[PDB]
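Report on the following structure.
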Amino acid sequence: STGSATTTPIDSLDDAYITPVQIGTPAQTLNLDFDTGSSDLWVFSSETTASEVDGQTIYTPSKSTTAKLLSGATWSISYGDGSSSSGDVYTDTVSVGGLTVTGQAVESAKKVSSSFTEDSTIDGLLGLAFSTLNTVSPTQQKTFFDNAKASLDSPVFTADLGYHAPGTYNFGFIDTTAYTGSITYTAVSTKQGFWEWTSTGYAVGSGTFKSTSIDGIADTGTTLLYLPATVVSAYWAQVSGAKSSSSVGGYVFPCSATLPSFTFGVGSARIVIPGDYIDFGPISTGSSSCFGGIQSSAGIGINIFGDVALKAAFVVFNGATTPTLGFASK
């Protein structure tokens with residue numbers, strides 16, 4: 001089997017991407033944030049504290065003839081950005097882009113943090129990291145990809161995120177029309193539950209490539225590119241007036257600037273992030289100071305190849321017995 005679904009930016013900045021997902025019978029379609037940095041499929045629901053729901057579409061398990069309470073199961077998750085959610089668990093039929101899994105754990109939110117409430121466009125998350133990170137207790141549950149894997153034509157999914165435009169998540173096949181040149185594959189460590197890999201270096205604009213190992217994660221659920229402070233300083237030093245602002249919480253730059261590109265290495269191959277992809281717009285409405293899309297990972301504990309980086313590539317998440325990651329230009 002295969003599946004193919006369009007993923008759409010939630011706003012004009014590509015702050016996140018949403019992908020329609022069919023849950024239950026008859027189908028209830030929710031727009032979920034596909035997140036290769038976590039492993040829970042959770043949704044706003046009829047069980048979510050009413051004051052914490054503001055415009056989201058909810059899953060109502062009592063209206064699904066295939067929903068079954070997973071007795072005694074609960075979940076609770078905290079994300080890197082300090083947001084969180086928790087609740088109980090159903091199993092139900094879940095379909096993405098024509099690919100169907102029966103018995104998928106659908107984690108129903110009883111509580112969500114303010115950042116989720118405040119984002120009316122995201123109805124929940126669909127985790128695509130390794131199932132070892134799944135938070136369901138006392139019986140850990142599998143991700144949608146893990147459940148689907150054995151049925152897929154090939155045990156892979158691909159992320160093809162657009163810049164200020166829709167893109168595609170495919171399951172079970174590699175669309176050879178969706179990228180240019182060749183896909184370069186690179187080793188993955190699953191030790192922390194992530195799609196963790198080592199970039200071979202970077203360049204800023206038309207500058208020389210610096211060969212250096214940068215361990216980090218391919219994370220579709222993180223907006224920005226988080227790299228070591230040395231690398232980030234070297235990038236922003238090429239932008240007149242750019243500075244790290246403690247009050248804003250990272251690098252900002254004059255909105256009048258033309259940003260240089262940023263290149264990262266994948267083995268001997270190179271992925272070029274155009275300068276425009278690094279512009280996240282005014283820090284507040286009407287400001288001439290703009291948010292940078294490349295930020296320090298120094299306070300995180302891990303480097304994160306988030307959407308800013310991934311959207312510059314066609315990315316293969318290869319779930320073979322030994323997982324790997326593939327990157328191509330597009």
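Labels used: A, B, ... for chains in the order of the structure tokens, numbers from 1 for residues in each chain, and numbers from 1 for ligands as shown.
The neighbours of residue 147 in chain A here are the residues that come within 9 Å of it, using only C-alpha atoms and leaving out any residue fewer than 5 positions away in the same chain; they are residues 101, 102, 103, 104 and 142 of chain A.
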Which residues, written as an mmCIF file with N, CA and C atoms, in the first residue's frame, have at least one atom at most 12 Å from range 281-293 of chain A, with only C-alpha atoms counted and residues fewer than 2 positions away on the same chain left out?
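Written out: selection_29.cif:
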```cif
data_model
loop_
_atom_site.group_PDB
_atom_site.id
_atom_site.type_symbol
_atom_site.label_atom_id
_atom_site.label_comp_id
_atom_site.auth_asym_id
_atom_site.auth_seq_id
_atom_site.Cartn_x
_atom_site.Cartn_y
_atom_site.Cartn_z
ATOM 1 N N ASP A 11 0.244 29.472 8.096
ATOM 2 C CA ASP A 11 0.273 30.920 8.012
ATOM 3 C C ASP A 11 1.318 31.352 7.001
ATOM 4 N N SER A 12 1.465 32.660 6.839
ATOM 5 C CA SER A 12 2.295 33.231 5.788
ATOM 6 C C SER A 12 3.788 33.092 6.055
ATOM 7 N N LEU A 13 4.139 32.628 7.254
ATOM 8 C CA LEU A 13 5.533 32.460 7.651
ATOM 9 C C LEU A 13 6.004 31.015 7.623
ATOM 10 N N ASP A 14 5.114 30.077 7.299
ATOM 11 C CA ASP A 14 5.418 28.653 7.407
ATOM 12 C C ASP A 14 5.761 28.293 8.859
ATOM 13 N N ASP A 15 5.001 28.804 9.822
ATOM 14 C CA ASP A 15 5.286 28.488 11.224
ATOM 15 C C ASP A 15 5.128 26.992 11.535
ATOM 16 N N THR A 222 9.435 21.230 14.218
ATOM 17 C CA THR A 222 10.133 22.431 14.690
ATOM 18 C C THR A 222 10.244 23.391 13.503
ATOM 19 N N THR A 223 9.908 24.660 13.713
ATOM 20 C CA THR A 223 9.873 25.628 12.635
ATOM 21 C C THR A 223 11.257 25.974 12.094
ATOM 22 N N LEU A 224 12.179 26.247 13.006
ATOM 23 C CA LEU A 224 13.458 26.870 12.676
ATOM 24 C C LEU A 224 14.617 25.869 12.638
ATOM 25 N N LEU A 225 15.780 26.369 12.234
ATOM 26 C CA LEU A 225 17.021 25.604 12.184
ATOM 27 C C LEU A 225 17.866 26.015 13.386
ATOM 28 N N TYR A 226 18.117 25.063 14.286
ATOM 29 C CA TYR A 226 18.878 25.302 15.507
ATOM 30 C C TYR A 226 20.223 24.599 15.417
ATOM 31 N N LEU A 227 21.292 25.388 15.455
ATOM 32 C CA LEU A 227 22.650 24.892 15.236
ATOM 33 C C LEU A 227 23.596 25.440 16.308
ATOM 34 N N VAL A 232 25.967 29.589 14.039
ATOM 35 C CA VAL A 232 24.941 30.615 13.959
ATOM 36 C C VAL A 232 25.566 32.019 13.971
ATOM 37 N N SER A 233 26.599 32.214 14.788
ATOM 38 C CA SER A 233 27.304 33.496 14.815
ATOM 39 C C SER A 233 27.948 33.784 13.459
ATOM 40 N N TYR A 235 26.941 32.754 10.566
ATOM 41 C CA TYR A 235 25.884 33.130 9.633
ATOM 42 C C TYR A 235 25.478 34.609 9.822
ATOM 43 N N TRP A 236 25.092 34.979 11.038
ATOM 44 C CA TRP A 236 24.520 36.303 11.255
ATOM 45 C C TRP A 236 25.552 37.426 11.153
ATOM 46 N N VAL A 239 25.224 39.487 8.049
ATOM 47 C CA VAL A 239 24.031 40.309 7.887
ATOM 48 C C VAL A 239 24.231 41.600 8.689
ATOM 49 N N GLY A 241 23.834 44.622 10.866
ATOM 50 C CA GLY A 241 22.859 44.984 11.868
ATOM 51 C C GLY A 241 22.223 43.823 12.615
ATOM 52 N N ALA A 242 22.520 42.582 12.237
ATOM 53 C CA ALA A 242 21.950 41.435 12.936
ATOM 54 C C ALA A 242 22.584 41.316 14.310
ATOM 55 N N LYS A 243 21.794 40.863 15.274
ATOM 56 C CA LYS A 243 22.275 40.735 16.640
ATOM 57 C C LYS A 243 21.435 39.724 17.376
ATOM 58 N N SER A 244 22.003 39.129 18.414
ATOM 59 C CA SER A 244 21.214 38.289 19.286
ATOM 60 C C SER A 244 20.596 39.160 20.361
ATOM 61 N N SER A 245 19.277 39.074 20.466
ATOM 62 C CA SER A 245 18.498 39.858 21.397
ATOM 63 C C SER A 245 17.973 38.965 22.515
ATOM 64 N N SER A 247 16.019 39.929 24.851
ATOM 65 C CA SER A 247 14.630 40.294 25.107
ATOM 66 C C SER A 247 13.680 39.627 24.116
ATOM 67 N N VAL A 248 14.133 39.454 22.882
ATOM 68 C CA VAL A 248 13.322 38.793 21.872
ATOM 69 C C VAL A 248 13.488 37.268 21.954
ATOM 70 N N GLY A 249 14.673 36.809 22.349
ATOM 71 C CA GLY A 249 14.938 35.388 22.535
ATOM 72 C C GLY A 249 15.721 34.735 21.399
ATOM 73 N N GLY A 250 16.490 35.523 20.656
ATOM 74 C CA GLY A 250 17.316 34.980 19.602
ATOM 75 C C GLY A 250 17.777 36.072 18.665
ATOM 76 N N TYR A 251 18.345 35.648 17.547
ATOM 77 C CA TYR A 251 18.845 36.558 16.538
ATOM 78 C C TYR A 251 17.711 37.243 15.790
ATOM 79 N N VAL A 252 17.876 38.550 15.641
ATOM 80 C CA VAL A 252 16.996 39.396 14.862
ATOM 81 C C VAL A 252 17.872 40.170 13.888
ATOM 82 N N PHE A 253 17.254 40.703 12.853
ATOM 83 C CA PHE A 253 17.996 41.410 11.820
ATOM 84 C C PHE A 253 17.121 42.499 11.206
ATOM 85 N N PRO A 254 17.744 43.521 10.609
ATOM 86 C CA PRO A 254 16.948 44.578 9.992
ATOM 87 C C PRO A 254 16.111 44.020 8.855
ATOM 88 N N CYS A 255 14.828 44.342 8.838
ATOM 89 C CA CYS A 255 13.948 43.786 7.825
ATOM 90 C C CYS A 255 14.330 44.255 6.422
ATOM 91 N N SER A 256 15.129 45.315 6.332
ATOM 92 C CA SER A 256 15.635 45.802 5.046
ATOM 93 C C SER A 256 16.770 44.954 4.460
ATOM 94 N N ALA A 257 17.284 43.998 5.216
ATOM 95 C CA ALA A 257 18.411 43.194 4.758
ATOM 96 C C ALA A 257 18.022 42.213 3.663
ATOM 97 N N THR A 258 19.000 41.876 2.832
ATOM 98 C CA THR A 258 18.919 40.706 1.964
ATOM 99 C C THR A 258 19.755 39.606 2.610
ATOM 100 N N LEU A 259 19.118 38.508 2.998
ATOM 101 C CA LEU A 259 19.803 37.445 3.733
ATOM 102 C C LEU A 259 20.612 36.544 2.810
ATOM 103 N N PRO A 260 21.797 36.125 3.264
ATOM 104 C CA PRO A 260 22.546 35.127 2.505
ATOM 105 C C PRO A 260 21.937 33.737 2.656
ATOM 106 N N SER A 261 22.215 32.875 1.697
ATOM 107 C CA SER A 261 21.838 31.481 1.814
ATOM 108 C C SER A 261 22.658 30.790 2.905
ATOM 109 N N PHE A 262 22.221 29.591 3.263
ATOM 110 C CA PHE A 262 22.936 28.719 4.184
ATOM 111 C C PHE A 262 22.949 27.326 3.599
ATOM 112 N N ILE A 273 19.850 26.317 1.501
ATOM 113 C CA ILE A 273 18.669 27.003 2.006
ATOM 114 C C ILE A 273 18.743 28.455 1.509
ATOM 115 N N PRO A 274 17.842 28.872 0.607
ATOM 116 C CA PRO A 274 17.882 30.270 0.151
ATOM 117 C C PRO A 274 17.689 31.253 1.299
ATOM 118 N N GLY A 275 18.308 32.420 1.178
ATOM 119 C CA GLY A 275 18.196 33.430 2.205
ATOM 120 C C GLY A 275 16.776 33.755 2.626
ATOM 121 N N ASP A 276 15.867 33.828 1.660
ATOM 122 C CA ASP A 276 14.484 34.179 1.962
ATOM 123 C C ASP A 276 13.860 33.207 2.966
ATOM 124 N N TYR A 277 14.293 31.947 2.947
ATOM 125 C CA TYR A 277 13.713 30.918 3.832
ATOM 126 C C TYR A 277 14.033 31.213 5.303
ATOM 127 N N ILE A 278 15.015 32.081 5.535
ATOM 128 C CA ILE A 278 15.538 32.382 6.861
ATOM 129 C C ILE A 278 14.862 33.635 7.462
ATOM 130 N N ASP A 279 13.965 34.256 6.699
ATOM 131 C CA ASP A 279 13.228 35.435 7.153
ATOM 132 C C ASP A 279 11.890 35.038 7.778
ATOM 133 N N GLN A 295 18.911 29.808 14.477
ATOM 134 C CA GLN A 295 19.051 30.176 15.875
ATOM 135 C C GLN A 295 19.990 29.199 16.568
ATOM 136 N N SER A 296 20.543 29.628 17.694
ATOM 137 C CA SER A 296 21.436 28.782 18.460
ATOM 138 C C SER A 296 20.705 27.641 19.151
ATOM 139 N N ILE A 304 18.811 20.947 15.805
ATOM 140 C CA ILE A 304 17.530 20.589 15.197
ATOM 141 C C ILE A 304 17.455 21.123 13.768
ATOM 142 N N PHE A 305 17.411 20.204 12.810
ATOM 143 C CA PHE A 305 17.130 20.529 11.416
ATOM 144 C C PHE A 305 15.616 20.563 11.265
ATOM 145 N N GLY A 306 15.049 21.717 11.593
ATOM 146 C CA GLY A 306 13.624 21.943 11.498
ATOM 147 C C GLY A 306 13.197 22.360 10.104
ATOM 148 N N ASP A 307 11.992 22.907 10.000
ATOM 149 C CA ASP A 307 11.392 23.162 8.695
ATOM 150 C C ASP A 307 12.233 24.062 7.787
ATOM 151 N N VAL A 308 12.893 25.066 8.349
ATOM 152 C CA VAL A 308 13.752 25.944 7.558
ATOM 153 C C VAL A 308 14.744 25.139 6.717
ATOM 154 N N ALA A 309 15.344 24.116 7.314
ATOM 155 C CA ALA A 309 16.270 23.255 6.591
ATOM 156 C C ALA A 309 15.537 22.229 5.733
#
```
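Counting only C-alpha atoms and comparing A:211, A:36, A:100, A:140, the residue that lies closest to residue 152 in chain A is A:100.
Once residue 57 in chain A and its same-chain neighbours fewer than 4 positions away are set aside, residues 30, 44 and 123 of chain A remain within 7 Å of it when counting only C-alpha atoms.
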Go ahead and save the picked residues with N, CA, C and O atoms, as a PDB file, in the first residue's frame.
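out27.pdb written:
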```
ATOM      1  N   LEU A  30      -9.429  15.719  10.672  1.00  0.00           N
ATOM      2  CA  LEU A  30      -8.724  16.705  11.486  1.00  0.00           C
ATOM      3  C   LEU A  30      -7.425  17.072  10.789  1.00  0.00           C
ATOM      4  O   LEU A  30      -6.818  16.246  10.102  1.00  0.00           O
ATOM      5  N   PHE A  44      -7.281  17.237  19.620  1.00  0.00           N
ATOM      6  CA  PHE A  44      -8.384  17.911  20.274  1.00  0.00           C
ATOM      7  C   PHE A  44      -9.619  17.026  20.152  1.00  0.00           C
ATOM      8  O   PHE A  44      -9.822  16.357  19.128  1.00  0.00           O
ATOM      9  N   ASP A 123      -5.212  20.874  14.841  1.00  0.00           N
ATOM     10  CA  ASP A 123      -6.180  20.045  15.565  1.00  0.00           C
ATOM     11  C   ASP A 123      -5.519  18.936  16.377  1.00  0.00           C
ATOM     12  O   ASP A 123      -6.205  18.154  17.023  1.00  0.00           O
TER      13      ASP A 123
END
```
What's around residue 160 in chain A at 10 Å? Count only C-alpha atoms, leave out sequence neighbours fewer than 5 positions away in its own chain, and write the answer as a PyMOL selection string. chain A and resi 6-7+166-170+178-179+310-316+330
Would you output that residue set with N, CA and C atoms, as a PDB file, in the first residue's frame?
```
ATOM      1  N   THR A   6      -1.332  16.080   0.908  1.00  0.00           N
ATOM      2  CA  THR A   6      -0.798  17.422   0.841  1.00  0.00           C
ATOM      3  C   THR A   6      -0.687  18.008   2.230  1.00  0.00           C
ATOM      4  N   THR A   7       0.422  18.704   2.474  1.00  0.00           N
ATOM      5  CA  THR A   7       0.667  19.423   3.715  1.00  0.00           C
ATOM      6  C   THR A   7       0.739  20.916   3.400  1.00  0.00           C
ATOM      7  N   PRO A 166       2.082  24.819  -0.451  1.00  0.00           N
ATOM      8  CA  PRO A 166       1.855  23.437  -0.014  1.00  0.00           C
ATOM      9  C   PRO A 166       2.949  22.490  -0.485  1.00  0.00           C
ATOM     10  N   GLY A 167       3.007  21.343   0.175  1.00  0.00           N
ATOM     11  CA  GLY A 167       3.950  20.288  -0.113  1.00  0.00           C
ATOM     12  C   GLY A 167       3.269  18.951   0.085  1.00  0.00           C
ATOM     13  N   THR A 168       4.061  17.903   0.283  1.00  0.00           N
ATOM     14  CA  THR A 168       3.546  16.539   0.287  1.00  0.00           C
ATOM     15  C   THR A 168       4.237  15.646   1.302  1.00  0.00           C
ATOM     16  N   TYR A 169       3.437  14.836   2.003  1.00  0.00           N
ATOM     17  CA  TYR A 169       3.927  13.655   2.728  1.00  0.00           C
ATOM     18  C   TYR A 169       3.481  12.406   1.978  1.00  0.00           C
ATOM     19  N   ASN A 170       4.449  11.571   1.591  1.00  0.00           N
ATOM     20  CA  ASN A 170       4.158  10.276   0.970  1.00  0.00           C
ATOM     21  C   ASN A 170       4.575   9.148   1.891  1.00  0.00           C
ATOM     22  N   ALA A 178       9.863  14.194  -7.795  1.00  0.00           N
ATOM     23  CA  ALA A 178       9.729  15.264  -6.798  1.00  0.00           C
ATOM     24  C   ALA A 178      11.058  15.928  -6.400  1.00  0.00           C
ATOM     25  N   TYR A 179      12.169  15.491  -6.979  1.00  0.00           N
ATOM     26  CA  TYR A 179      13.469  16.037  -6.615  1.00  0.00           C
ATOM     27  C   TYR A 179      14.356  16.061  -7.841  1.00  0.00           C
ATOM     28  N   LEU A 310      14.551  21.544   6.308  1.00  0.00           N
ATOM     29  CA  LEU A 310      13.939  20.450   5.584  1.00  0.00           C
ATOM     30  C   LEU A 310      13.188  20.892   4.335  1.00  0.00           C
ATOM     31  N   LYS A 311      12.602  22.088   4.366  1.00  0.00           N
ATOM     32  CA  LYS A 311      11.816  22.575   3.233  1.00  0.00           C
ATOM     33  C   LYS A 311      12.686  22.852   2.006  1.00  0.00           C
ATOM     34  N   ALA A 312      13.996  22.958   2.207  1.00  0.00           N
ATOM     35  CA  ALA A 312      14.938  23.121   1.093  1.00  0.00           C
ATOM     36  C   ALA A 312      15.266  21.803   0.400  1.00  0.00           C
ATOM     37  N   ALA A 313      14.719  20.695   0.894  1.00  0.00           N
ATOM     38  CA  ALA A 313      15.085  19.364   0.414  1.00  0.00           C
ATOM     39  C   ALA A 313      13.871  18.483   0.232  1.00  0.00           C
ATOM     40  N   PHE A 314      14.075  17.412  -0.523  1.00  0.00           N
ATOM     41  CA  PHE A 314      13.192  16.265  -0.516  1.00  0.00           C
ATOM     42  C   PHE A 314      13.834  15.289   0.453  1.00  0.00           C
ATOM     43  N   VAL A 315      13.089  14.888   1.486  1.00  0.00           N
ATOM     44  CA  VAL A 315      13.677  14.139   2.595  1.00  0.00           C
ATOM     45  C   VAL A 315      13.022  12.767   2.730  1.00  0.00           C
ATOM     46  N   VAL A 316      13.846  11.729   2.696  1.00  0.00           N
ATOM     47  CA  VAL A 316      13.391  10.355   2.858  1.00  0.00           C
ATOM     48  C   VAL A 316      13.683   9.872   4.272  1.00  0.00           C
ATOM     49  N   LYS A 330      15.722  20.004  -4.778  1.00  0.00           N
ATOM     50  CA  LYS A 330      14.451  19.949  -5.490  1.00  0.00           C
ATOM     51  C   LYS A 330      14.138  21.265  -6.139  1.00  0.00           C
TER      52      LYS A 330
END
```
A straight line from CA of residue 93 in chain A to CA of residue 108 in chain A spans 14.0 Å
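In this comparison, which uses only C-alpha atoms, the residue of A:263, A:29, A:141, A:329 approaching residue 56 in chain A most closely is A:29.
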Would you list the contacts of range 191-201 of chain A as a short mmCIF file (atom, residue, chain, number, x, y, z; two decimals) with N, CA, C and O atoms, in the first residue's frame, taking every protein, DNA or RNA residue within 10 Å and counting only C-alpha atoms, but skipping same-chain residues closer than 4 positions in sequence?
```cif
data_model
loop_
_atom_site.label_atom_id
_atom_site.label_comp_id
_atom_site.auth_asym_id
_atom_site.auth_seq_id
_atom_site.Cartn_x
_atom_site.Cartn_y
_atom_site.Cartn_z
N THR A 36 8.10 14.67 12.98
CA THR A 36 9.13 13.65 13.03
C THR A 36 10.03 13.74 14.27
O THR A 36 10.92 12.90 14.43
N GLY A 37 9.74 14.68 15.16
CA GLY A 37 10.41 14.79 16.44
C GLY A 37 9.63 14.30 17.65
O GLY A 37 10.11 14.45 18.77
N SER A 38 8.47 13.68 17.44
CA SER A 38 7.73 13.08 18.55
C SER A 38 6.95 11.89 18.05
O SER A 38 6.94 11.62 16.85
N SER A 39 6.29 11.17 18.96
CA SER A 39 5.79 9.84 18.62
C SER A 39 4.39 9.56 19.16
O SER A 39 4.01 8.39 19.33
N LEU A 128 5.94 11.03 14.17
CA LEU A 128 6.63 10.20 13.20
C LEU A 128 8.08 9.90 13.59
O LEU A 128 8.85 9.41 12.76
N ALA A 129 8.45 10.18 14.83
CA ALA A 129 9.72 9.70 15.39
C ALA A 129 9.53 8.22 15.78
O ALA A 129 8.55 7.58 15.42
N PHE A 130 10.48 7.66 16.51
CA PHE A 130 10.44 6.23 16.81
C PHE A 130 9.51 5.96 17.99
O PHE A 130 9.37 6.78 18.91
N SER A 131 8.85 4.81 17.96
CA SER A 131 7.80 4.52 18.91
C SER A 131 8.30 4.41 20.35
O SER A 131 7.51 4.52 21.29
N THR A 132 9.60 4.24 20.53
CA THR A 132 10.19 4.27 21.86
C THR A 132 9.95 5.59 22.62
O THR A 132 10.04 5.62 23.83
N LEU A 133 9.63 6.68 21.91
CA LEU A 133 9.28 7.93 22.58
C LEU A 133 7.80 8.08 22.91
O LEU A 133 7.42 9.06 23.56
N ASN A 134 6.96 7.15 22.50
CA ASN A 134 5.53 7.31 22.72
C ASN A 134 5.22 7.35 24.22
O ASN A 134 5.78 6.56 24.99
N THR A 186 22.26 8.93 4.49
CA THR A 186 23.18 9.13 5.59
C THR A 186 22.68 8.35 6.81
O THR A 186 21.47 8.13 6.97
N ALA A 187 23.61 7.94 7.66
CA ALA A 187 23.28 7.08 8.80
C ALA A 187 22.44 7.78 9.85
O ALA A 187 22.55 8.99 10.07
N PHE A 209 33.01 26.13 2.12
CA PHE A 209 32.40 25.11 2.94
C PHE A 209 33.34 24.73 4.08
O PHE A 209 34.53 24.44 3.86
N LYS A 210 32.79 24.74 5.29
CA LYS A 210 33.48 24.29 6.49
C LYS A 210 33.09 22.85 6.79
O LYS A 210 31.95 22.56 7.09
N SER A 211 34.07 21.95 6.70
CA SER A 211 33.86 20.55 7.02
C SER A 211 33.90 20.38 8.53
O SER A 211 34.92 20.60 9.17
N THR A 212 32.77 19.98 9.10
CA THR A 212 32.66 19.80 10.53
C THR A 212 31.43 18.96 10.80
O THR A 212 30.41 19.15 10.16
N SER A 213 31.52 18.04 11.74
CA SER A 213 30.40 17.16 12.06
C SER A 213 29.40 17.85 12.95
O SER A 213 29.75 18.34 14.03
N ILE A 214 28.14 17.87 12.51
CA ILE A 214 27.05 18.49 13.27
C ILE A 214 25.96 17.45 13.47
O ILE A 214 25.21 17.15 12.54
N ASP A 215 25.89 16.90 14.67
CA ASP A 215 24.88 15.91 15.00
C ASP A 215 23.56 16.62 15.28
O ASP A 215 23.52 17.57 16.05
N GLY A 216 22.47 16.17 14.67
CA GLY A 216 21.20 16.80 14.93
C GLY A 216 20.05 15.95 14.46
O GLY A 216 20.26 14.85 13.96
N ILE A 217 18.83 16.46 14.63
CA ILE A 217 17.66 15.67 14.30
C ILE A 217 16.87 16.29 13.16
O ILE A 217 16.78 17.51 13.04
N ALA A 218 16.32 15.44 12.30
CA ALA A 218 15.41 15.90 11.26
C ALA A 218 14.02 15.99 11.87
O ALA A 218 13.42 14.96 12.19
N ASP A 219 13.53 17.22 12.05
CA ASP A 219 12.33 17.46 12.85
C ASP A 219 11.33 18.37 12.14
O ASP A 219 11.42 19.60 12.19
N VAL A 231 28.37 28.27 14.63
CA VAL A 231 27.84 28.24 13.26
C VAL A 231 26.85 29.40 13.06
O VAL A 231 26.89 30.11 12.05
N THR A 263 24.14 26.75 3.48
CA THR A 263 24.30 25.40 2.94
C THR A 263 24.66 24.43 4.06
O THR A 263 25.52 24.76 4.88
N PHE A 264 24.03 23.26 4.08
CA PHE A 264 24.45 22.19 4.96
C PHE A 264 24.84 20.94 4.18
O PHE A 264 24.30 20.66 3.11
N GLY A 265 25.79 20.20 4.73
CA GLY A 265 26.29 18.99 4.08
C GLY A 265 25.54 17.74 4.48
O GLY A 265 25.18 17.55 5.65
N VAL A 266 25.33 16.89 3.49
CA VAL A 266 24.80 15.55 3.69
C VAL A 266 25.79 14.65 2.96
O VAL A 266 25.80 14.60 1.74
N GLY A 267 26.66 13.98 3.71
CA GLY A 267 27.78 13.31 3.08
C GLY A 267 28.52 14.30 2.20
O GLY A 267 28.84 15.42 2.64
N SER A 268 28.82 13.90 0.98
CA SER A 268 29.50 14.79 0.03
C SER A 268 28.55 15.73 -0.70
O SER A 268 28.98 16.58 -1.48
N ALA A 269 27.25 15.58 -0.46
CA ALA A 269 26.24 16.42 -1.10
C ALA A 269 25.97 17.68 -0.27
O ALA A 269 26.37 17.80 0.90
N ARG A 270 25.28 18.63 -0.89
CA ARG A 270 25.03 19.93 -0.29
C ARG A 270 23.58 20.33 -0.53
O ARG A 270 23.08 20.21 -1.65
N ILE A 302 20.46 19.79 21.83
CA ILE A 302 20.51 19.04 20.58
C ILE A 302 20.35 20.03 19.43
O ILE A 302 19.66 21.04 19.55
N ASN A 303 21.00 19.74 18.31
CA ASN A 303 20.79 20.53 17.10
C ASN A 303 19.55 20.02 16.40
O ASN A 303 19.27 18.82 16.41
N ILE A 304 18.81 20.95 15.80
CA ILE A 304 17.53 20.59 15.20
C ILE A 304 17.45 21.12 13.77
O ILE A 304 17.41 22.34 13.54
N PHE A 305 17.41 20.20 12.81
CA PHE A 305 17.13 20.53 11.42
C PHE A 305 15.62 20.56 11.26
O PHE A 305 14.97 19.57 10.91
N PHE A 317 12.63 9.45 4.96
CA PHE A 317 12.74 8.81 6.26
C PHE A 317 12.62 7.31 6.01
O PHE A 317 11.53 6.77 5.78
N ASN A 318 13.76 6.65 5.97
CA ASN A 318 13.83 5.25 5.60
C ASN A 318 13.76 4.38 6.84
O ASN A 318 14.71 4.35 7.62
N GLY A 319 12.63 3.70 7.00
CA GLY A 319 12.37 2.87 8.16
C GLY A 319 12.71 1.40 7.94
O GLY A 319 12.09 0.53 8.54
N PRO A 323 17.46 2.03 10.05
CA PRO A 323 16.95 3.26 9.43
C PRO A 323 18.05 4.17 8.88
O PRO A 323 19.16 4.18 9.41
N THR A 324 17.71 4.93 7.84
CA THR A 324 18.59 5.95 7.30
C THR A 324 17.76 7.16 6.90
O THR A 324 16.52 7.09 6.88
N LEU A 325 18.43 8.27 6.60
CA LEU A 325 17.79 9.45 6.07
C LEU A 325 18.37 9.77 4.72
O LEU A 325 19.58 9.67 4.53
#
```
Could you write out, as number ranges by chain, all the residues of range 112-295 of chain A that DSSP marks as strand (DSSP E or B)? A: 112, 124-127, 137, 156-160, 167-171, 184-187, 189, 196-204, 210-218, 225-227, 243-245, 250-254, 262-266, 269-273, 279-282, 289-292, 294-295
Write out as a PyMOL selection string all residues of range 143-316 of chain A that DSSP puts in helix (DSSP H, G or I) for this structure's backbone. chain A and resi 144-151+229-236+275-278+307-310
Name all residues at most 10 Å from range 52-55 of chain A (count only C-alpha atoms; drop same-chain ones fewer than 3 positions away) and give them as a PyMOL selection string. chain A and resi 44-46+48-49+58+110-123
Between CA of residue 327 in chain A and CA of residue 171 in chain A, what is the spacing in Å? 16.0 Å
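Separating CA of residue 237 in chain A from CA of residue 204 in chain A is a distance of 9.8 Å.
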Can you tell me, as a ChimeraX atom specification, what residues are no more than 8 Å from range 60-67 of chain A when counting only C-alpha atoms, ignoring any on the same chain fewer than 5 positions away? /A:24-27,45-47,90-93
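The shortest atom-to-atom distance to residue 181 in chain A, with only C-alpha atoms taken into account, belongs to A:271 out of A:50, A:271, A:208, A:202.
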